[PDB]
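Enquirer: My structure file target-v3.csv, CSV, C-alpha atoms, is below:
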```csv
chain,number,residue,atom,x,y,z
A,447,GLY,CA,32.2,-9.6,1.1
A,448,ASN,CA,31.7,-7.5,4.2
A,449,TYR,CA,28.5,-8.6,6.0
A,450,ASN,CA,28.5,-6.1,9.0
A,451,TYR,CA,25.6,-4.1,7.3
A,452,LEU,CA,22.1,-5.7,7.1
A,453,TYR,CA,18.9,-5.0,5.1
A,454,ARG,CA,15.2,-5.9,5.5
A,455,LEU,CA,13.7,-7.0,2.1
A,456,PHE,CA,10.0,-7.2,3.2
A,457,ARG,CA,7.6,-6.4,6.2
A,458,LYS,CA,4.0,-7.2,7.3
A,459,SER,CA,3.2,-3.4,7.3
A,460,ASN,CA,4.9,-0.1,6.2
A,461,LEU,CA,6.9,1.9,8.8
A,462,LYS,CA,5.4,5.2,10.1
A,463,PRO,CA,7.9,8.2,10.1
A,464,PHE,CA,10.9,7.2,12.4
A,465,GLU,CA,9.3,3.8,13.2
A,466,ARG,CA,12.1,1.3,14.1
A,467,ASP,CA,12.0,-2.5,14.0
A,468,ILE,CA,14.7,-5.0,15.2
A,469,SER,CA,12.4,-8.1,14.9
A,470,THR,CA,13.9,-11.1,13.0
A,471,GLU,CA,10.9,-13.4,12.5
A,472,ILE,CA,10.3,-15.4,9.2
A,473,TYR,CA,7.9,-13.5,6.8
A,474,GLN,CA,4.9,-15.2,5.3
A,475,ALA,CA,4.8,-13.9,1.7
A,476,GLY,CA,2.2,-16.5,0.6
A,477,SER,CA,0.3,-19.8,1.5
A,478,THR,CA,3.0,-21.3,3.9
A,479,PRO,CA,2.4,-20.6,7.7
A,480,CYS,CA,6.0,-20.0,8.7
A,481,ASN,CA,5.8,-20.8,12.5
A,482,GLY,CA,9.5,-19.8,12.9
A,483,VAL,CA,10.9,-21.7,9.7
A,484,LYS,CA,11.3,-21.0,5.9
A,485,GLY,CA,9.1,-22.6,3.1
A,486,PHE,CA,7.1,-22.1,-0.2
A,487,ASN,CA,6.7,-18.3,-0.2
A,488,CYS,CA,7.8,-18.0,3.4
A,489,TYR,CA,11.1,-16.2,3.7
A,490,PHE,CA,13.7,-14.9,6.2
A,491,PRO,CA,13.2,-11.1,5.5
A,492,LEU,CA,16.8,-10.1,6.3
A,493,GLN,CA,19.7,-9.7,3.7
A,494,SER,CA,23.2,-8.2,3.1
A,495,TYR,CA,24.8,-7.1,-0.2
A,496,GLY,CA,28.1,-8.8,0.8
B,348,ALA,CA,9.6,-27.6,-25.9
B,349,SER,CA,13.3,-28.1,-26.0
B,350,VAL,CA,14.5,-25.0,-24.1
B,351,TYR,CA,16.4,-23.5,-27.1
B,352,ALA,CA,13.0,-23.1,-28.8
B,353,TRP,CA,10.8,-22.6,-25.7
B,354,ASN,CA,7.0,-22.3,-26.3
B,355,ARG,CA,5.5,-18.7,-26.3
B,356,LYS,CA,1.7,-18.3,-25.9
B,357,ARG,CA,0.3,-14.7,-26.3
B,358,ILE,CA,-2.4,-13.8,-23.8
B,359,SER,CA,-4.9,-11.0,-24.4
B,360,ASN,CA,-8.6,-9.8,-24.1
B,361,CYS,CA,-9.0,-11.4,-20.6
B,362,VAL,CA,-9.2,-10.8,-16.8
B,363,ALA,CA,-6.2,-12.1,-14.7
B,364,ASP,CA,-5.8,-13.5,-11.2
B,365,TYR,CA,-2.2,-14.8,-10.9
B,366,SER,CA,-2.8,-15.8,-7.2
B,367,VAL,CA,-4.9,-18.7,-8.6
B,368,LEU,CA,-1.4,-19.8,-9.7
B,369,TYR,CA,1.1,-18.7,-6.9
B,370,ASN,CA,-1.1,-19.7,-3.9
B,371,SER,CA,-0.7,-23.4,-4.9
B,372,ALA,CA,2.4,-25.0,-3.2
B,373,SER,CA,2.1,-27.9,-5.8
B,374,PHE,CA,5.0,-26.5,-7.9
B,375,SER,CA,8.7,-27.2,-6.9
B,376,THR,CA,9.1,-23.4,-7.1
B,377,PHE,CA,7.0,-20.2,-7.7
B,378,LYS,CA,9.2,-17.0,-7.7
B,379,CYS,CA,8.7,-13.4,-9.0
B,380,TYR,CA,11.2,-10.7,-10.2
B,381,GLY,CA,11.0,-6.9,-10.6
B,382,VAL,CA,7.5,-7.0,-8.9
B,383,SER,CA,6.3,-9.1,-5.9
B,384,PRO,CA,3.6,-11.8,-6.7
B,385,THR,CA,0.6,-10.1,-4.9
B,386,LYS,CA,0.9,-6.8,-7.0
B,387,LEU,CA,0.3,-8.6,-10.3
B,388,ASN,CA,-3.4,-9.0,-9.5
B,389,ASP,CA,-3.8,-5.1,-9.6
B,390,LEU,CA,-2.2,-4.6,-13.0
B,391,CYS,CA,-3.4,-4.1,-16.6
B,392,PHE,CA,-1.4,-4.9,-19.8
B,393,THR,CA,-1.7,-4.7,-23.6
B,394,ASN,CA,-0.2,-8.2,-24.0
B,395,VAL,CA,0.9,-11.0,-21.7
B,396,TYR,CA,3.1,-14.0,-22.6
B,397,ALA,CA,3.6,-17.5,-21.1
```
The structure in this file should be written as structure tokens.
Expert:
Amino acid sequence: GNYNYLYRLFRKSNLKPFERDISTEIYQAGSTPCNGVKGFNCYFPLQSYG
Amino acid sequence: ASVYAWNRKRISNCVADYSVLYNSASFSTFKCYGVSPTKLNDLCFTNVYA
């Protein structure tokens, strides 16, 4: 796998046209307050296809 | 059941709120595929199965 190229799976809100977002914070998908760490429906939103 | 002959229950003629299920961190996992968990509370179906 090459891992140079990275993907965001989820976000708090949709991008406006040419909105740009570098932020890496853990995404709360459900009932777990993330506070900077993963958990039950709390996920790191970044990915790569390898 | 023994997983080779897994139980199927047909679900019909009813209103659904799947967040009553996935909000609870009581399970060892709750994951969703093809569609994110939140969206399932908007949907309508002819049949549902557990």
Enquirer: Rank nothing, just name the residue among A:491, A:485, A:447, A:463 nearest to chain B, using all atoms listed in the file.
Expert: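 Ranking A:491, A:485, A:447, A:463 by distance to chain B, first place goes to A:485.
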Enquirer: Pick out the chain A residues within 9 Å of chain B. Count all atoms listed in the file. Give them as a PyMOL selection string.
Expert: chain A and resi 475-478+486-487
Enquirer: Go ahead and dump the residues you just picked, C-alpha atoms, as a PDB file, in the coordinates of the input.
Expert:
```pdb
ATOM      1  CA  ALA A 475       4.800 -13.900   1.700  1.00  0.00           C
ATOM      2  CA  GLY A 476       2.200 -16.500   0.600  1.00  0.00           C
ATOM      3  CA  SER A 477       0.300 -19.800   1.500  1.00  0.00           C
ATOM      4  CA  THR A 478       3.000 -21.300   3.900  1.00  0.00           C
ATOM      5  CA  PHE A 486       7.100 -22.100  -0.200  1.00  0.00           C
ATOM      6  CA  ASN A 487       6.700 -18.300  -0.200  1.00  0.00           C
TER       7      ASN A 487
END
```
Enquirer: Just how far from atom CA of residue A:484 is atom CA of residue A:458, in Å to one decimal?
Expert: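 These atoms are spaced 15.7 Å apart.
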Enquirer: Within 8 Å of residue B:358, counting all atoms listed in the file, which residues show up once you throw out same-chain ones fewer than 2 positions away? Write them as number ranges by chain, please.
Expert: B: 356, 360-361, 394-397
Enquirer: May I have the residues within 9 Å of residue B:390 as JSON, numbers by chain, using all atoms listed in the file and disregarding those fewer than 3 positions away in the same chain?
Expert: {"B": [363, 386, 387]}
Enquirer: Might you pull out every residue within 12 Å of residue A:466, with all atoms listed in the file counted and same-chain residues fewer than 4 positions away left off, and present them as a list in words?
Expert: residues 454, 457, 460, 461 and 462 of chain A
